[PDB]
There are 2 protein chains.
Amino acid sequence: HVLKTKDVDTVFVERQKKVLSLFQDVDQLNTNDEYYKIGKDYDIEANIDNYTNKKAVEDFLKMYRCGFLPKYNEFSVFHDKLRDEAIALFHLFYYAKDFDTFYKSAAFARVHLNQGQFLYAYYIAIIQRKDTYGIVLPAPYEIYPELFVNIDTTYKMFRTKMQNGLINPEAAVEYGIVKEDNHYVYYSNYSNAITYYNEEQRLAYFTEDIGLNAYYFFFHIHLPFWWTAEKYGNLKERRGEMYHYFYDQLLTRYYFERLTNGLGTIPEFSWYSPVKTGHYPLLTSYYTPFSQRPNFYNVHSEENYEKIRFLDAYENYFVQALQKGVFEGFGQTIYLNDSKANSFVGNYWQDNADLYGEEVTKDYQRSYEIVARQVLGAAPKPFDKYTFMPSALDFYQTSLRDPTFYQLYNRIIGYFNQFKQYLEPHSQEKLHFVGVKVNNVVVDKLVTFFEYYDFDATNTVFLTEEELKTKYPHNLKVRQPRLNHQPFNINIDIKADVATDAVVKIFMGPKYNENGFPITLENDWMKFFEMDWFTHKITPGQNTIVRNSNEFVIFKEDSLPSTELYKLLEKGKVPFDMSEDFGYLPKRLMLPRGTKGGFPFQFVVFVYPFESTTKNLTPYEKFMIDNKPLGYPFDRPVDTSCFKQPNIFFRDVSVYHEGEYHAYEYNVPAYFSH
Amino acid sequence: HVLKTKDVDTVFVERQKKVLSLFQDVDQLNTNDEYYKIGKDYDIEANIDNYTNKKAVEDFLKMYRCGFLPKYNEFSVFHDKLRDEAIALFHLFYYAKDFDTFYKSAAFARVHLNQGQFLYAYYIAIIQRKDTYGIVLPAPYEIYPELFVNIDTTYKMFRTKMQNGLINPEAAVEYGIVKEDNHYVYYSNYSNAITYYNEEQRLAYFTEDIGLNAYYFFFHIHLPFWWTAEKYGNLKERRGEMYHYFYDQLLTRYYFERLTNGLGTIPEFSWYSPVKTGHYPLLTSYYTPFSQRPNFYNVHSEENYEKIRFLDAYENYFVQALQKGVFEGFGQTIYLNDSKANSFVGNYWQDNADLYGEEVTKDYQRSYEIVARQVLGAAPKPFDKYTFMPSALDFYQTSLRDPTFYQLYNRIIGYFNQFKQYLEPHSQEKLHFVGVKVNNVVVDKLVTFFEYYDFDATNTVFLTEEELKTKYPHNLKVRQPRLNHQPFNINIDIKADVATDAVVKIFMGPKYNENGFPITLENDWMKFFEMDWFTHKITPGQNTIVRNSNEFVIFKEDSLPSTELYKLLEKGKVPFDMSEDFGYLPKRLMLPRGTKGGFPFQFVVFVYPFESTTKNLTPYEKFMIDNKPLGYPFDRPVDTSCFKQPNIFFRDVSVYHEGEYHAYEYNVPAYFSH
Ligand SMILES: *[C@@H]1O[C@H](CO)[C@@H](O[C@@H]2O[C@H](CO)[C@@H](O[C@@H]3O[C@H](CO[C@H]4O[C@H](CO[C@H]5O[C@H](CO)[C@@H](O)[C@H](O)[C@@H]5O[C@H]5O[C@H](CO)[C@@H](O)[C@H](O)[C@@H]5O)[C@@H](O)[C@H](O[C@H]5O[C@H](CO)[C@@H](O)[C@H](O)[C@@H]5O[C@H]5O[C@H](CO)[C@@H](O)[C@H](O)[C@@H]5O)[C@@H]4O)[C@@H](O)[C@H](O[C@H]4O[C@H](CO)[C@@H](O)[C@H](O)[C@@H]4O[C@H]4O[C@H](CO)[C@@H](O)[C@H](O)[C@@H]4O[C@H]4O[C@H](CO)[C@@H](O)[C@H](O[C@H]5O[C@H](CO)[C@@H](O)[C@H](O)[C@H]5O)[C@@H]4O)[C@@H]3O)[C@H](O)[C@H]2NC(C)=O)[C@H](O)[C@H]1NC(C)=O
Ligand SMILES: *[C@@H]1O[C@H](CO)[C@@H](O[C@@H]2O[C@H](CO)[C@@H](O[C@@H]3O[C@H](CO[C@H]4O[C@H](CO[C@H]5O[C@H](CO)[C@@H](O)[C@H](O)[C@@H]5O[C@H]5O[C@H](CO)[C@@H](O)[C@H](O)[C@@H]5O)[C@@H](O)[C@H](O[C@H]5O[C@H](CO)[C@@H](O)[C@H](O)[C@@H]5O[C@H]5O[C@H](CO)[C@@H](O)[C@H](O)[C@@H]5O)[C@@H]4O)[C@@H](O)[C@H](O[C@H]4O[C@H](CO)[C@@H](O)[C@H](O)[C@@H]4O[C@H]4O[C@H](CO)[C@@H](O)[C@H](O)[C@@H]4O[C@H]4O[C@H](CO)[C@@H](O)[C@H](O[C@H]5O[C@H](CO)[C@@H](O)[C@H](O)[C@H]5O)[C@@H]4O)[C@@H]3O)[C@H](O)[C@H]2NC(C)=O)[C@H](O)[C@H]1NC(C)=O
Ligand SMILES: *[C@@H]1O[C@H](CO)[C@@H](O[C@@H]2O[C@H](CO)[C@@H](O)[C@H](O)[C@H]2NC(C)=O)[C@H](O)[C@H]1NC(C)=O
Ligand SMILES: *[C@@H]1O[C@H](CO)[C@@H](O[C@@H]2O[C@H](CO)[C@@H](O)[C@H](O)[C@H]2NC(C)=O)[C@H](O)[C@H]1NC(C)=O
């Protein structure tokens, strides 16, 4: 298995080395590095002429003169002042006229501002600036190891650094600390191996997967809720569509994990009754432990009365709109069938900038998602504007760790899917592909298994004044068994009458509901996970297509450590997926953990006429090369018909699991010591 | 102000240095230290002849061959397996025939067992073994810094050790990190300065005071609930009495702190309703954050049903016994007026070894306190016998930090005080001192203030292989402004007729109830804090006594750091209080924080005939040199009478507070950088 690579010129390579120079030992400053002197003395005001938007820069300065979040404090975009500062910072980076000005702005920021706040604006700037297009971003778990690994392993790294190596390596082995080459390897268990407070803990290997959590973080920075979608042209008009698609797919993939673990549908809750499934974040900030929500949390308390009425009202508005058939307010009147309706409900539920036709959201435009994450997070009200006790719901890089996160968005998509039933359902005629039939589909054996994976967690530790004079060590490694599956082929047999350009799509859906009974398309259309999307020319007669799972366009390869990036740059190359598909879901997680006996699911291949690509979303996600609504043909319900279309085929499939079933078994000392 | 000292011989000095050699860098093992070689190869089986009790040793070996709690895990005496192991370990220490066998056993333990478990059994053995009587114990906050200081300062020490010093001292100052001499000083705030989740936070300077918390730890190791009081001869028959006294005194003192902060009486709760006052420990173990209990915690959940029914039953039993006038069970039938009844209720509520007439409690003799701490701590059930998420209620060294601790014991003493109204109240004649009269009592100005206090927190950090080759650094200093007061005199005027040996006691009580109205002796007799106890020969005629607060026998001086202990040993001396009164409440806390305008209270002096001391508790606490019930004459209600005895005087008093009201103000960088 070789990793696909991409060629880049020298200018790119130089910029790449520059951006990465600001991603090292992030919680510490290195006066021996070039960026320090540059950032320390940089004069924004003096160079105001090197920014394309002066007002934006003057606002950053007016704001910066009043002080920003101090260093070491936790930064979160869900907190007003913190967000407003980050956005102003983003504008400073985004409006830089050229890479040079941008780099100096970033250098200035790294030196003078809070580490988290800078990293947040920096990551986004790199994604939005045209001149940095394609520049590879380091894996989020590499930059924020303290948000991707439980404290028990973070403290082990702290111990090692304080002792300056292992004092008794034979002993350290028993606690998962091993020395390989010049690296210190730490086997890190998911939380279910240390605390089992509720049945949801059985999903810890998935909900805590560093790839899965990185994926949500990337979803955010690719296009923040607080920013207009303007930059991506067409994406603006189709924003609500992308909102629905991202979440429905995420909720579905998560539901599949619940299914093979016998956990049923995503639980429903009430703002007026105790929230049943708690969560204990085994994470910590520099000032406090993350807030915990115990099982059966009494959410309806004095501290939340008003917030709960706001959330309830936000919901009533949407339910009442659906009932009277029209959305009123926000400067318009949209009937459910309006062509702008879909984006309106998505922008409404997210409370993003495009809902207001502005470029950035304001403080007073209260967000349903923000307040919900607030009361579900269970943290006491913030001490002040710069100080708060964080919860897993306060970060895009830790959200998928909390069960209520899926419960909250499932509630939101619940409303979205209700909206979908008022739309014109796909008719049988429109779904029918004349002259094209799928005679058969064969799927190789589906098998999952856990496989060790390492990532550089050196940012966890602080360096010595002497160490800062030499090259960064990239010394520590975190090792964890991560979900994976064996590659598999899907054989598609198509009998055609005439020759045409077709689009073939591949989905995975459940076979049975939570009670073990047959699925029903009328009620389960929203439970189909899109796995592949590609064009193919069909010739009259027999057509045989063979797609390997490794070719599925929806997924990406695992990120590489920043160190391996450097070696690849020496050859004028960068990892292909890491460069253009950083926001895709890791292909190793495309299949939910199976069972020893094999768990039932079903694949479905749908092929339709390839036509208009006038409003595609290629600038955002490469695989969105069509005019069809995202998720087609399962983007909305379909005109019920107990009679299948010839151009669609369902195949029963079973997902088995090899090796040890529990991930923690691979972290048992007696095992990894062989 | 000089500290009282005591002379010790050469044998004592040698034993003192030995015990202290095992209290260094406790979370780490030093192969260069003599104890490592001794301990690593000590063969208990081979020296089984060097133990006064062969059975206990064999039980230990039998248990040890099966495995003990692993190193680094949290140890708590409230968990069965952990306790039984700790107790077996204590027996191995206690039965050593001589100091030398004891020391070797200790070294063995230090090398082979869990650090927390070792320290616990070690601390107790030094207190219990006769040959170690007088040996000075190091401050608990110096041994368990991670239990006496919040993570924000712990993390600063970690960052310092990792950087191997300060990289930018000028910047460090802004985070309360300063360098003094060869020490790194860390200004540490109480939690109310970082998070204010409920009004009880206003009491953080008191509830988190290291001395107050150390005081509870000393109370416990002086005589564990799981051990018989046999060793202390007389105390055994008066154990229940001591229980009542200790908690009543502690609860009353805590009540005073509440009063000067406008927080009213200690809150009452129900096991069937949400617990109002939550608590967020800013502490952490090596594997998990301490459990948090949000405000209005839903305690009556499925996980606690059975435990709550047990707690209910436990209370029911007592209330029914009071109603029918008799305590049945436990191998006897006691009427409320029995002479052993007082000791029974105390032993019953604590579920101690003496309640059952055994030397140590068994796992199946379920405890009210343990189960109550369990449900109030709000932690999920333990992962397994060796792994649990700790709460402030799992340690005698952090218990007083949780508001529910006071609520729990206030509930208990609530029942104990109800039981006391069934007893014969003190008659006016037995309280009268014929011939003795207190004409007047004048109290000097009562003033409180905050004053910096340092302690060695180096145990927080891990030492380097090289650092272990040289002497321990005792490098880190934690600095916190701690409550204190100016010394004050109490002038007593006594007019006598005849000459007799008298006992004079000094109490402090409230002037008004929570609503600002006059106190009533009938309902507030249990609200008097004992401050002094001493004998005095009264001469006929005018008698003038002057007692300085520094002389009150109830309190002790602050502990000295281990390093100062060594210097003092060279002189063949040891702190007096630290050696003989380690269990007393630190005198700097005898007064609650006052208010700028002076908060109302009252002092009361009571003098009575000095006589019998046949059943005194001097072997336990020095100041208990009489036969009268602990807390006399406020140990039980008194035959209501409207004309006070001439040998008792009540004097109004005001407690003022000077300097900054809030402790955190003294940790503001602009302030301590002067
Ligand atoms: C415990 O607990 C407690 C309780 O909680 C705590 O306490 C706290 O603390 C804190 C901390 O410390 C605090 O805070 C702080 O404060 C401070 C002070 O303040 C003050 O002052 C200021 C200043 O002033 C000045 O200036 C101005 C302008 O701006 C003017 O106007 C004036 O006049 C003056 O002037 C003067 O001076 C100057 C100097 O400065 C000079 O120039 C001359 O001399 C002149 O003459 C000010 O500003 C203020 O003000 C304020 O306030 C007031 C009142 O009082 C008002 O009226 C006003 O308006 C203002 O504002 C306010 O208000 C508003 C509205 O209402 C609100 O919002 C609020 O309130 C505000 O505040 C005063 O007066 C200060 O300074 C600080 O600051 C800082 O931080 C912040 C945040 O927090 C920011 O924003 C800013 O910016 C800053 O930053 C900085 O720092 C930090 C640290 O901290 C860091 O992190 C950052 O990064 C930065 O850094 C920088 O700086 C520093 C210094 O500072 C240094 O060091 C550094 O350096 C380093 O690094 C670098 C890199 O980057 C390198 O290069 C080097 O090398 C190294 O070294 C840098 O440079 C703060 O704010 C508080 O307050 C407290 N609280 C209380 C209650 O008290 C404690 O802490 C604890 N403790 C423990 C241990 O834990
Ligand atoms: C993630 O997550 C996951 C999930 O959770 C986890 O996992 C986990 O893990 C853990 C840990 O690792 C584990 O545990 C462990 O295990 C192991 C194994 O086991 C097994 O084995 C054993 C042994 O065997 C042997 O022996 C015996 C006698 O005793 C016999 O009998 C047999 O036969 C064998 O034989 C052999 O022996 C030897 C070897 O060894 C030789 O001689 C020869 O070879 C011979 O042949 C056993 O015992 C066991 O048993 C058990 O099991 C079974 C079944 O399987 C059964 O049958 C039995 O009975 C038992 O069971 C049970 O019982 C009950 C139930 O009913 C209960 O009780 C329980 O369950 C039990 O178990 C098996 O088989 C082991 O080994 C370990 O141990 C340890 O630990 C403990 C606690 O934990 C204790 O107690 C003990 O004692 C021990 O300790 C140790 O270690 C530690 C650490 O770990 C520490 O801390 C301490 O201190 C100690 O130490 C020592 O040792 C070590 C080693 O071992 C070393 O290293 C050291 O050294 C050092 O130090 C010193 C000082 O001290 C110095 O001097 C030096 O230099 C240095 O080096 C020392 O020496 C444990 O137990 C588990 O299992 C798991 N789980 C699962 C589910 O899987 C993971 O971990 C995670 N990860 C992360 C990363 O986090
Ligand atoms: C008052 O609020 C209205 C409604 O939001 C604003 O009207 C909008 O103005 C923008 C230009 O900034 C137009 O693009 C929109 O089409 C307008 N919408 C509607 C419904 O009128 C108006 O600008 C605000 N008035 C002032 C003085 O700020
Ligand atoms: C049956 O119960 C009695 C009392 O409940 C047990 O006797 C006690 O035994 C312990 C020894 O562990 C002694 O320390 C106590 O003094 C005894 N008390 C009484 C009242 O007898 C007896 O051990 C139990 N039966 C068995 C077989 O253990």
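## Section: the overall build of chain A
Then, in step 1: Tallying secondary structure elements over chain A gives 23 helices and 17 strands in all.
Then, in step 2: For 674 residues, the compact-globule estimate of 2.2 N^0.38 gives 26 Å, and chain A sits close to it at 25 Å.
Then, in step 3: Counting only C-alpha atoms, chain A reaches 75 × 65 × 55 Å along its principal axes.
Then, in step 4: Each of the 674 residues in chain A was classed as buried or not, and the buried ones make up 63%.
Then, in step 5: Summarising the internal contacts of chain A: among those between residues at least 6 apart in sequence, 79% fall at separations of at least 24.

## Comments concerning the domain arrangement of chain A
Residues and elements named next belong to chain A.
Then, in step 1: What the domain assignment lists for chain A is domain 1 (1-189 + 452-482 + 559-572), domain 2 (190-422) and domain 3 (423-451 + 483-558 + 573-674).
Then, in step 2: The gap between the C-alpha centroids of domain 1 and domain 2 is 27 Å.
Then, in step 3: Facing 49 residues of domain 1, the contacting portion of domain 2 comprises 47 residues.
Then, in step 4: Summed over the three residues of domain 1 that lose the most area to domain 2, namely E74, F78 and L147, the buried surface amounts to 17% of that side.
Then, in step 5: Put simply, domain 1 and domain 2 have 2 salt bridges between them.

## Focus: the relation of the copies chain A and chain B
Note: a rotation about an axis with an accompanying shift along it relates these two copies of the chain.
Then, in step 1: Here chain A sits on chain B after a turn of 180 degrees about the axis and a move of 0.1 Å along it, with an RMSD of 0.2 Å. In short, the pair behaves as if placed about a two-fold rotation axis. Proximity to the rotation axis, assessed at the C-alpha, singles out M162 of chain A in chain A; its C-alpha lies 2.3 Å from the axis.
Then, in step 2: Interface overlap between copies: 100% of the residues of chain A at the interface are likewise at the interface in chain B, consistent with a symmetric, same-surface contact.

## Some words on the sheet that holds strand β2 (residues 177-180) of chain B
Residue and element names in this part refer to chain B.
Then, in step 1: Strand order in the open sheet formed by 8 strands is β2-β3-β8-β7-β17-β16-β10-β11, and the pairing between neighbours is mixed. Pairing within the sheet leaves two strands with one partner each, and these edge strands are β2 and β11 (529-538). Shown here is a sheet whose adjacent strand axes are inclined to one another by a mean of 35 degrees, direction ignored.
Then, in step 2: Across 4 bridges, strand β3 (residues 183-187) lies against strand β8 (residues 476-485) in parallel orientation. Note that in β8 the partner of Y186 across the bridge is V478.
Then, in step 3: Where helix α9 (residues 151-163) meets the sheet, it contacts β2, β3 and β8, and its direction lies at approximately 155 degrees from that of β3.
Then, in step 4: Strands β8, β10 (500-510), β11 and β16 (599-609) of the sheet are contacted by helix α13 (residues 239-259), whose axis makes an angle of about 115 degrees with β11.

## Some details on the site of ligand 2
Then, in step 1: By nearness alone, 23 residues border ligand 2, and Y175, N189 and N667 of chain A together with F68 and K71 of chain B come closest of all.
Then, in step 2: Neighbouring residues of ligand 2 are distributed over chains A and B.
Then, in step 3: Within the side chain of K40 of chain B, one N or O atom sits 3.0 Å away from an oxygen atom of ligand 2.
Then, in step 4: Within the backbone of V111 of chain B, one N or O atom sits 3.0 Å away from an oxygen atom of ligand 2.
Then, in step 5: Expressed as a share of its isolated accessible area of 2,200 Å², the protein-covered part of ligand 2 is 38%.
Then, in step 6: Tallied by class, the residues present in the shell around ligand 2 amount to 11 nonpolar, 6 polar and 6 charged.

## Here's the deal with the packing of helix α4 (residues 80-94) of chain B against helix α5 (residues 99-112) of chain B
Residue and element names in this part refer to chain B.
Then, in step 1: Interhelical geometry of α4 versus α5 gives an angle of 150 degrees and a closest axis separation of 8 Å. With respect to α5, the element α4 is oriented roughly antiparallel. Seen from α4, the contacting residues are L89, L92 and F93; seen from α5, they are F102, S105, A106 and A109.
Then, in step 2: Split by residue class, the contact of α4 with α5 holds 6 nonpolar, 1 polar and no charged.

## Some words on helix α12 (residues 210-222) of chain A
Owing to its 3.6 residues per turn, the α-helix brings residues three or four apart onto one side.
All names here are of chain A.
Then, in step 1: Relative to the 18 Å expected for 13 residues at 1.5 Å per residue, α12 spans 18 Å between its end C-alpha atoms, a close match to the ideal helical length.
Then, in step 2: Counting buried residues along α12, 13 of its 13 residues qualify, which places the element largely inside the surrounding structure.
Then, in step 3: Looking at where α12 begins, the residue whose side-chain oxygen comes 2.8 Å from the main-chain nitrogen of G211 is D209.

## Re unusual backbone geometry
All names here are of chain A.
Then, in step 1: In this structure, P633 follows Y632 across a cis peptide bond, with omega equal to 0 degrees.
Then, in step 2: Topologically, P633 is positioned in the loop between β16 (599-609) and β17 (648-657).
Then, in step 3: The residue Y72 is not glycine, and still its phi comes out positive at about 80 degrees.
Then, in step 4: Residue position: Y72 is located in the loop between α3 (54-64) and α4 (80-94).

## Looking at the pairing of β11 of chain B
Residue and element names in this part refer to chain B.
Then, in step 1: Burial analysis of β11 places 7 of its 10 residues in the buried class, the great majority of the element.
Then, in step 2: Pairing analysis gives 9 bridges linking β10 to β11, with the strands arranged antiparallel. Across the sheet, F507 pairs through a bridge with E530, a residue of β11.

## Here's the deal with the interface of chain A and chain B
Then, in step 1: If you look at the interface, chain A gives 52 residues, while chain B gives 52 residues.
Then, in step 2: Buried area between chain A and chain B, both sides added, is near 4,600 Å², and the carbon and sulfur share of it is 64%.
Then, in step 3: For the interface between chain A and chain B, the tally reads 0 salt bridges.
Then, in step 4: Where chain A touches chain B, the interface holds 11 residue pairs in polar contact.
Then, in step 5: Broken down by class, the residue content of the side of chain A that touches chain B amounts to 30 nonpolar, 15 polar and 7 charged.

## Describing α13 of chain B
Then, in step 1: The first and last C-alpha atoms of α13 of chain B sit 30 Å apart over 21 residues, in line with the 30 Å expected at 1.5 Å per residue.
Then, in step 2: Among the 21 residues that make up α13 of chain B, 21 are buried, leaving the element largely enclosed by the rest of the structure.

## Regarding the packing of aromatic side chains
Then, in step 1: Following the criterion strictly, the structure yields 184 aromatic pairs over all chains and no others.
Then, in step 2: Relative to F450 of chain A, the ring of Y205 of chain A lies with its centre 5.6 Å away and its plane at 90 degrees, an arrangement referred to as edge-to-face. In this pair, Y205 of chain A sits in helix α11 (residues 204-207) while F450 of chain A sits in strand β7 (residues 446-456), placing the two residues 245 residues apart along the sequence. Each of the two residues, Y205 of chain A as well as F450 of chain A, counts as buried.
Then, in step 3: Ring geometry for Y64 of chain B and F108 of chain B: centres 5.6 Å apart, planes at 65 degrees, overall edge-to-face.

## Concerning the nonpolar core
Then, in step 1: Among the nonpolar cores identified, the biggest contains 441 residues, and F93 of chain A together with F93 of chain B are the most heavily contacted of them.
Then, in step 2: Residues in contact with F93 of chain A, not counting those within four places in the same chain, are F102, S105, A106, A109, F118, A121, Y122, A125 and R129 of chain A.

## Considerations on the environment of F269 of chain B
Residues and elements named next belong to chain B.
Then, in step 1: Of note, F269 is situated in the loop between α13 and α14 (305-324).
Then, in step 2: Between the C-alpha atom of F269 and that of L408, which follows or precedes it by 139 residues, the distance is 8.7 Å.
Then, in step 3: Residues within four places of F269 in sequence aside, it is in contact with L376, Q407, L408 and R411.

## Regarding the sheet that holds strand β9 (residues 489-496) of chain A
Hydrogen bonds along the backbone pair up the strands of a sheet, which may run parallel or antiparallel.
Residue and element names in this part refer to chain A.
Then, in step 1: Pairing in this open sheet of 3 strands is antiparallel, and the strands run β6-β9-β12 from one edge to the other. Unpaired on one side and paired on the other, β6 (436-443) and β12 (541-548) mark the two borders of the sheet. The average angle at which neighbouring strand axes cross in this sheet is 20 degrees, direction not considered.
Then, in step 2: Examined bridge by bridge, β6 and β9 share 7 bridges and lie antiparallel to one another. Bridge pairing in β9 links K437 to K495.

About the thresholds
- Residues numbered from 1 in each chain as written, not as in the entry; some residues may be left out.
- Chains lettered and ligands numbered in written order.
- Part of a larger assembly, values for the part shown.
- Heavy atoms only, no water.
- Helix = DSSP H or I, 4+ residues; strand = E, 2+ residues; numbered from the N terminus.
- Rg over C-alpha atoms; globule rule 2.2 N^0.38 Å.
- Buried < 20%, exposed > 50% of the residue type's maximum accessible area, 1.4 Å probe, protein only.
- Contact = heavy atoms within 4.5 Å.
- Domains from an automatic or database assignment.
- Buried area = accessible area lost by both parts, 1.4 Å probe.
- Salt bridge = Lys/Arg side-chain N within 4 Å of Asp/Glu carboxyl O.
- Least-squares fit on C-alpha atoms.
- Pairing = 2+ DSSP bridges.
- Axes fitted to C-alpha atoms, helices over the stretch in contact; angles between N-to-C directions.
- Near = heavy atom within 4 Å.
- Polar contact = N/O pair within 3.5 Å; in protein donor to acceptor, adjacent residues only side chain to side chain.
- Areas by Shrake-Rupley, 256 points an atom, 1.4 Å probe, with all protein chains shown as cover.
- Nonpolar A, V, L, I, M, F, W, Y, C, P; charged D, E, K, R; others polar.
- Parallel < 35°, antiparallel > 145°, perpendicular 65-115°, else oblique.
- Expected span 1.5 Å × (residues − 1).
- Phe/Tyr/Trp six-rings, centres within 6.5 Å; stacked < 30°, edge-to-face > 60°.
- Core = buried A, V, L, I, M, F, W, Y, C linked by side-chain atoms within 4.5 Å.

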